[PDB]
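Written below as structure tokens is the structure these notes are about.
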Amino acid sequence: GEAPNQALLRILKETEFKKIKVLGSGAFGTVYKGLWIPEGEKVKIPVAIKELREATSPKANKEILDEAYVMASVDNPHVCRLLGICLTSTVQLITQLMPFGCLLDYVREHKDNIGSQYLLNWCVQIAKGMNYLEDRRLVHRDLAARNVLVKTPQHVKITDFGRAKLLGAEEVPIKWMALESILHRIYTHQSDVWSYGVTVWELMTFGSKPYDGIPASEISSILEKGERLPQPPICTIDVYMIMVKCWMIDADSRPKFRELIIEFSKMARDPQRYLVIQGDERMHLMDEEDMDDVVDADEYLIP
Ligand SMILES: Nc1ncnc2c1ncn2[C@@H]1O[C@H](COP(=O)(O)OP(=O)(O)NP(=O)(O)O)[C@@H](O)[C@H]1O
């Protein structure tokens with residue numbers, strides 16, 4: 001039976017926060033960098049503010065609220081933090097600012113400076129995030145490098161709950177999908193594991209596109225034929241065999257997230273044994289003056 005969901009949904013006054021910069025437009029909506037000053041509190045919290053495309057079509061109001069619902073109900077160091085909503089005219093989603101942006105852009109932009117320690121720690125942290133969702137019985141359904149955010153090079157969090165569901169519920173990123181999901185729209189914790197596999201492959205190839213070329217329509221055929229993504233240059237057979245296990249047809253044959261935490265964690269203790277990166281040993285990885293009161297969202301706790 002389902003426990004009552006007692007998450008608090010915080011409604012925020014438009015006056016409590018100043019926008020500052022656009023971060024990402026075009027696609028569907030507009031995300032700004034900003035600072036949130038709660039009521040009378042004397043803290044300023046860096047935040048991202050997702051005020052969706054001006055037009056207020058009741059269709060997409062229903063979709064930003066579902067995210068808010070999910071994000072308000074999660075609480076884990078490796079899942080993105082929702083501060084609250086603003087009901088202005090178009091619904092504003094207010095999350096913790098993740099200054100380094102999405103992990104896909106971050107690996108793409110920084111290939112030459114990314115060591116094995118970072119790559120494997122990311123793997124461990126993503127698997128922790130996903131394991132936590134598994135404990136809350138959430139199937140994410142859209143895990144990808146584009147949907148993991150970077151608070152710092154050493155701390156990432158899963159984002160984009162716009163397709164999350166409870167395991168069992170009944171209510172398209174084809175290249176990240178478990179075969180049962182493309183064929184039967186079955187979606188399980190184990191189909192999230194498939195997508196973890198792809199996300200890891202995106203990281204290990206420093207942001208390549210999976211099945212670059214092959215059009216979406218061909219994908220399910222390819223997999224039934226038994227083809228998978230190729231071994232990235234930097235990966236030992238050890239790392240790659242974990243990817244491949246995530247991509248087994250038998251869903252229950254795939255690893256569990258808790259096993260993934262364990263395995264990458266072992267590897268993270270000796271990173272150079274597991275990823276082979278040219279120049280590994282030597283790699284290493286805001287605004288205004290009134291910054292006395294700045295507090296990261298992670299240090300701003302609410303009773
Ligand atoms: N909390 C955040 N902190 C910093 N940057 C963010 C944050 N949320 C989003 N962004 C940036 O804005 C981009 C677009 O945001 P997002 O709304 O996730 O993309 P989208 O294509 O509109 N939908 P989706 O990727 O499915 O969530 C992200 O990839 C980031 O570069």
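Chain labels follow the order of the structure tokens: the first chain is A, the next B, and so on; residue numbering restarts at 1 in every chain, and ligands are counted from 1 in their shown order.
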
- Task: Could you find all residues in range 135-275 of chain A that DSSP calls strand (DSSP E) from the backbone, and write them as a list in words?
- Result: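 Taking range 135-275 of chain A and keeping strand (DSSP E) only, one gets residues 138, 139, 148, 149, 150, 151, 152, 155, 156, 157, 158, 165 and 166 of chain A.
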
List all protein, DNA and RNA residues that have an atom no more than 9 Å from any atom of ligand 1, counting only C-alpha atoms and all ligand atoms, and report them as a short mmCIF file (atom, residue, chain, number, x, y, z; two decimals) with N, CA and C atoms, in the first residue's frame.
```cif
data_model
loop_
_atom_site.label_atom_id
_atom_site.label_comp_id
_atom_site.auth_asym_id
_atom_site.auth_seq_id
_atom_site.Cartn_x
_atom_site.Cartn_y
_atom_site.Cartn_z
N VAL A 22 19.57 34.89 -19.04
CA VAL A 22 18.89 33.76 -19.65
C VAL A 22 19.93 32.65 -19.72
N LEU A 23 19.51 31.41 -19.50
CA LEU A 23 20.43 30.29 -19.57
C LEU A 23 20.15 29.40 -20.78
N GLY A 24 18.90 29.32 -21.20
CA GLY A 24 18.51 28.41 -22.26
C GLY A 24 17.09 28.71 -22.67
N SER A 25 16.91 28.99 -23.96
CA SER A 25 15.65 29.52 -24.51
C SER A 25 15.03 28.53 -25.50
N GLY A 26 14.80 29.00 -26.73
CA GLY A 26 14.34 28.19 -27.88
C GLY A 26 13.48 26.97 -27.56
N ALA A 27 14.13 25.79 -27.55
CA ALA A 27 13.48 24.48 -27.36
C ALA A 27 12.01 24.56 -26.88
N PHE A 28 11.76 24.43 -25.57
CA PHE A 28 10.37 24.51 -25.08
C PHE A 28 10.03 25.77 -24.27
N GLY A 29 10.88 26.11 -23.29
CA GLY A 29 10.66 27.30 -22.45
C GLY A 29 11.91 28.14 -22.22
N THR A 30 11.91 28.92 -21.15
CA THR A 30 13.05 29.79 -20.81
C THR A 30 13.52 29.64 -19.36
N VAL A 31 14.80 29.28 -19.17
CA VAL A 31 15.39 29.13 -17.84
C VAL A 31 16.30 30.29 -17.60
N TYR A 32 16.10 30.99 -16.48
CA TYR A 32 16.97 32.10 -16.04
C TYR A 32 17.82 31.72 -14.85
N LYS A 33 19.00 32.32 -14.76
CA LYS A 33 19.77 32.36 -13.53
C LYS A 33 19.14 33.47 -12.67
N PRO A 46 21.14 31.13 -4.98
CA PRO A 46 21.22 31.02 -6.42
C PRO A 46 20.23 29.99 -6.90
N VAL A 47 19.47 30.35 -7.92
CA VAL A 47 18.37 29.52 -8.39
C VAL A 47 18.29 29.59 -9.89
N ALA A 48 17.77 28.52 -10.46
CA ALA A 48 17.29 28.51 -11.83
C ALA A 48 15.76 28.64 -11.76
N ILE A 49 15.21 29.38 -12.71
CA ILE A 49 13.79 29.75 -12.74
C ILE A 49 13.28 29.35 -14.09
N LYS A 50 12.39 28.36 -14.13
CA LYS A 50 11.90 27.89 -15.41
C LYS A 50 10.48 28.38 -15.66
N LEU A 52 7.89 28.88 -18.27
CA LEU A 52 7.75 28.29 -19.60
C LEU A 52 7.23 29.29 -20.66
N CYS A 80 17.90 16.64 -8.24
CA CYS A 80 17.76 18.08 -8.24
C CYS A 80 16.76 18.62 -7.25
N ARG A 81 17.10 19.75 -6.66
CA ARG A 81 16.33 20.32 -5.56
C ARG A 81 15.35 21.42 -6.00
N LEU A 82 14.06 21.20 -5.72
CA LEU A 82 13.01 22.17 -6.03
C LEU A 82 12.83 23.09 -4.85
N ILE A 94 11.12 26.94 -9.71
CA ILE A 94 12.33 27.47 -9.08
C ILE A 94 13.17 26.36 -8.45
N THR A 95 14.31 26.09 -9.09
CA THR A 95 15.20 25.00 -8.66
C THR A 95 16.56 25.54 -8.24
N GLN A 96 17.36 24.71 -7.59
CA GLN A 96 18.72 25.05 -7.28
C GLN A 96 19.49 25.32 -8.58
N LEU A 97 20.17 26.47 -8.64
CA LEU A 97 21.08 26.77 -9.75
C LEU A 97 22.21 25.73 -9.82
N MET A 98 22.40 25.14 -10.98
CA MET A 98 23.49 24.20 -11.18
C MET A 98 24.47 24.86 -12.16
N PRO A 99 25.45 25.62 -11.62
CA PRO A 99 26.17 26.65 -12.41
C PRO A 99 26.94 26.09 -13.58
N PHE A 100 27.44 24.86 -13.46
CA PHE A 100 28.22 24.30 -14.54
C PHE A 100 27.38 23.70 -15.67
N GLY A 101 26.06 23.76 -15.53
CA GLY A 101 25.13 23.32 -16.59
C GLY A 101 24.94 21.81 -16.63
N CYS A 102 24.44 21.30 -17.76
CA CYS A 102 24.20 19.88 -17.93
C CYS A 102 25.50 19.08 -18.18
N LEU A 103 25.54 17.85 -17.67
CA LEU A 103 26.71 17.01 -17.77
C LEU A 103 27.11 16.69 -19.24
N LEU A 104 26.14 16.58 -20.15
CA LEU A 104 26.49 16.34 -21.56
C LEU A 104 27.33 17.49 -22.14
N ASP A 105 26.91 18.73 -21.90
CA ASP A 105 27.64 19.87 -22.41
C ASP A 105 28.95 19.97 -21.69
N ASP A 142 13.59 9.04 -18.39
CA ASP A 142 14.33 9.92 -19.31
C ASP A 142 15.81 10.21 -18.90
N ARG A 146 22.11 14.53 -20.81
CA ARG A 146 21.51 15.84 -20.93
C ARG A 146 20.64 16.10 -19.72
N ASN A 147 20.21 15.04 -19.06
CA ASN A 147 19.36 15.22 -17.88
C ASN A 147 20.05 15.04 -16.55
N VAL A 148 21.37 15.23 -16.53
CA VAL A 148 22.08 15.22 -15.26
C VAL A 148 22.72 16.59 -15.17
N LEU A 149 22.66 17.22 -14.02
CA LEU A 149 23.22 18.58 -13.90
C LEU A 149 24.42 18.60 -12.99
N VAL A 150 25.24 19.64 -13.17
CA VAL A 150 26.54 19.77 -12.54
C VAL A 150 26.56 20.95 -11.57
N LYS A 151 26.55 20.64 -10.29
CA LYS A 151 26.61 21.70 -9.30
C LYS A 151 28.06 22.19 -9.14
N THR A 159 18.12 15.30 -13.08
CA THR A 159 17.05 16.23 -13.26
C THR A 159 16.03 15.73 -14.29
N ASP A 160 15.09 16.62 -14.60
CA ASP A 160 14.03 16.39 -15.58
C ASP A 160 13.11 15.25 -15.24
N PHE A 161 12.17 15.57 -14.37
CA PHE A 161 11.19 14.59 -13.96
C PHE A 161 9.90 14.63 -14.77
N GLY A 162 9.94 15.34 -15.89
CA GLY A 162 8.82 15.43 -16.82
C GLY A 162 8.28 14.14 -17.43
N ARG A 163 8.73 12.98 -17.00
CA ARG A 163 8.18 11.75 -17.53
C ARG A 163 8.22 10.70 -16.46
#
```

- Calculate how many Å separate CA of residue 131 in chain A from CA of residue 75 in chain A, rounding to one decimal.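 We find that CA of residue 131 in chain A and CA of residue 75 in chain A lie 12.4 Å from each other.
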
- Message: Neighbouring residues of residue 17 in chain A were defined as those with any atom within 12 Å, considering only C-alpha atoms; residues of the same chain fewer than 3 positions away were excluded. Please report them as a PyMOL selection string.
- Response: chain A and resi 12-14+20+32-39+43-49+83-86+92+94

Export, as a JSON list (two decimals), in the first residue's frame, the selected residues with N, CA, C and O atoms.
```json
[["chain", "number", "residue", "atom", "x", "y", "z"],
["A", 12, "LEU", "N", 6.14, 30.63, -4.03],
["A", 12, "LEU", "CA", 7.04, 31.76, -3.81],
["A", 12, "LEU", "C", 6.52, 33.05, -4.48],
["A", 12, "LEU", "O", 6.06, 33.03, -5.64],
["A", 13, "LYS", "N", 6.61, 34.16, -3.73],
["A", 13, "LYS", "CA", 6.30, 35.52, -4.25],
["A", 13, "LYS", "C", 7.29, 35.96, -5.32],
["A", 13, "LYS", "O", 8.49, 35.87, -5.12],
["A", 14, "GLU", "N", 6.78, 36.45, -6.45],
["A", 14, "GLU", "CA", 7.58, 37.03, -7.52],
["A", 14, "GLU", "C", 8.61, 38.07, -7.01],
["A", 14, "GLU", "O", 9.68, 38.26, -7.60],
["A", 20, "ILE", "N", 18.32, 37.33, -13.73],
["A", 20, "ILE", "CA", 19.65, 37.91, -13.89],
["A", 20, "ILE", "C", 20.27, 37.68, -15.27],
["A", 20, "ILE", "O", 21.11, 38.45, -15.72],
["A", 32, "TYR", "N", 16.10, 30.99, -16.48],
["A", 32, "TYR", "CA", 16.97, 32.10, -16.04],
["A", 32, "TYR", "C", 17.82, 31.72, -14.85],
["A", 32, "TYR", "O", 17.41, 30.92, -14.03],
["A", 33, "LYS", "N", 19.00, 32.32, -14.76],
["A", 33, "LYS", "CA", 19.77, 32.36, -13.53],
["A", 33, "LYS", "C", 19.14, 33.47, -12.67],
["A", 33, "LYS", "O", 18.68, 34.46, -13.21],
["A", 34, "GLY", "N", 19.09, 33.30, -11.35],
["A", 34, "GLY", "CA", 18.60, 34.35, -10.48],
["A", 34, "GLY", "C", 19.00, 34.14, -9.04],
["A", 34, "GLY", "O", 19.70, 33.20, -8.72],
["A", 35, "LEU", "N", 18.58, 35.05, -8.16],
["A", 35, "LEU", "CA", 18.75, 34.94, -6.72],
["A", 35, "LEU", "C", 17.39, 35.02, -6.02],
["A", 35, "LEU", "O", 16.57, 35.88, -6.35],
["A", 36, "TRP", "N", 17.17, 34.11, -5.08],
["A", 36, "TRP", "CA", 15.97, 34.06, -4.29],
["A", 36, "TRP", "C", 16.30, 34.53, -2.89],
["A", 36, "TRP", "O", 17.19, 34.00, -2.24],
["A", 37, "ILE", "N", 15.63, 35.58, -2.45],
["A", 37, "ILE", "CA", 15.71, 35.99, -1.07],
["A", 37, "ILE", "C", 14.39, 35.62, -0.43],
["A", 37, "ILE", "O", 13.38, 36.24, -0.71],
["A", 38, "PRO", "N", 14.39, 34.58, 0.42],
["A", 38, "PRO", "CA", 13.14, 34.27, 1.12],
["A", 38, "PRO", "C", 12.73, 35.38, 2.08],
["A", 38, "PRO", "O", 13.58, 36.16, 2.54],
["A", 39, "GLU", "N", 11.42, 35.41, 2.37],
["A", 39, "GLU", "CA", 10.70, 36.42, 3.18],
["A", 39, "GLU", "C", 11.58, 37.40, 3.96],
["A", 39, "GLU", "O", 12.12, 38.38, 3.40],
["A", 43, "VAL", "N", 19.28, 35.59, 3.53],
["A", 43, "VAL", "CA", 20.03, 34.64, 2.74],
["A", 43, "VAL", "C", 19.68, 34.93, 1.28],
["A", 43, "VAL", "O", 18.61, 35.48, 0.98],
["A", 44, "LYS", "N", 20.60, 34.63, 0.37],
["A", 44, "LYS", "CA", 20.30, 34.73, -1.05],
["A", 44, "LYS", "C", 20.67, 33.41, -1.68],
["A", 44, "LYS", "O", 21.79, 32.94, -1.53],
["A", 45, "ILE", "N", 19.75, 32.81, -2.39],
["A", 45, "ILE", "CA", 19.96, 31.50, -2.89],
["A", 45, "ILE", "C", 20.00, 31.56, -4.40],
["A", 45, "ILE", "O", 19.04, 32.01, -5.02],
["A", 46, "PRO", "N", 21.14, 31.13, -4.98],
["A", 46, "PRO", "CA", 21.22, 31.02, -6.42],
["A", 46, "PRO", "C", 20.23, 29.99, -6.90],
["A", 46, "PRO", "O", 20.18, 28.89, -6.36],
["A", 47, "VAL", "N", 19.47, 30.35, -7.92],
["A", 47, "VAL", "CA", 18.37, 29.52, -8.39],
["A", 47, "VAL", "C", 18.29, 29.59, -9.89],
["A", 47, "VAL", "O", 18.72, 30.58, -10.50],
["A", 48, "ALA", "N", 17.77, 28.52, -10.46],
["A", 48, "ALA", "CA", 17.29, 28.51, -11.83],
["A", 48, "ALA", "C", 15.76, 28.64, -11.76],
["A", 48, "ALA", "O", 15.09, 28.08, -10.86],
["A", 49, "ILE", "N", 15.21, 29.38, -12.71],
["A", 49, "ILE", "CA", 13.79, 29.75, -12.74],
["A", 49, "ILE", "C", 13.28, 29.35, -14.09],
["A", 49, "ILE", "O", 13.73, 29.90, -15.09],
["A", 83, "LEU", "N", 12.90, 24.39, -5.06],
["A", 83, "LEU", "CA", 12.72, 25.34, -3.97],
["A", 83, "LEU", "C", 11.26, 25.72, -3.85],
["A", 83, "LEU", "O", 10.75, 25.90, -2.76],
["A", 84, "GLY", "N", 10.58, 25.77, -4.99],
["A", 84, "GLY", "CA", 9.16, 26.07, -5.01],
["A", 84, "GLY", "C", 8.61, 26.53, -6.34],
["A", 84, "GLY", "O", 9.31, 26.53, -7.34],
["A", 85, "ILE", "N", 7.34, 26.91, -6.36],
["A", 85, "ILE", "CA", 6.75, 27.45, -7.58],
["A", 85, "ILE", "C", 6.29, 28.89, -7.42],
["A", 85, "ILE", "O", 6.02, 29.36, -6.31],
["A", 86, "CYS", "N", 6.21, 29.59, -8.54],
["A", 86, "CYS", "CA", 5.60, 30.91, -8.60],
["A", 86, "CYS", "C", 4.44, 30.89, -9.58],
["A", 86, "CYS", "O", 4.61, 30.51, -10.74],
["A", 92, "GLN", "N", 6.13, 29.55, -12.88],
["A", 92, "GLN", "CA", 7.58, 29.51, -12.75],
["A", 92, "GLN", "C", 8.05, 28.36, -11.83],
["A", 92, "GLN", "O", 7.61, 28.23, -10.68],
["A", 94, "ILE", "N", 11.12, 26.94, -9.71],
["A", 94, "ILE", "CA", 12.33, 27.47, -9.08],
["A", 94, "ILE", "C", 13.17, 26.36, -8.45],
["A", 94, "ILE", "O", 12.79, 25.74, -7.43]]
```

- Hey, can you check how far CA of residue 299 in chain A sits from CA of residue 156 in chain A?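 Rounded to one decimal, the two atoms are 15.9 Å apart.
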
- Query: Which residue, A:172, A:234, A:133, A:144, has the smallest gap to residue 205 in chain A when you use only C-alpha atoms?
  - Reply: A:234
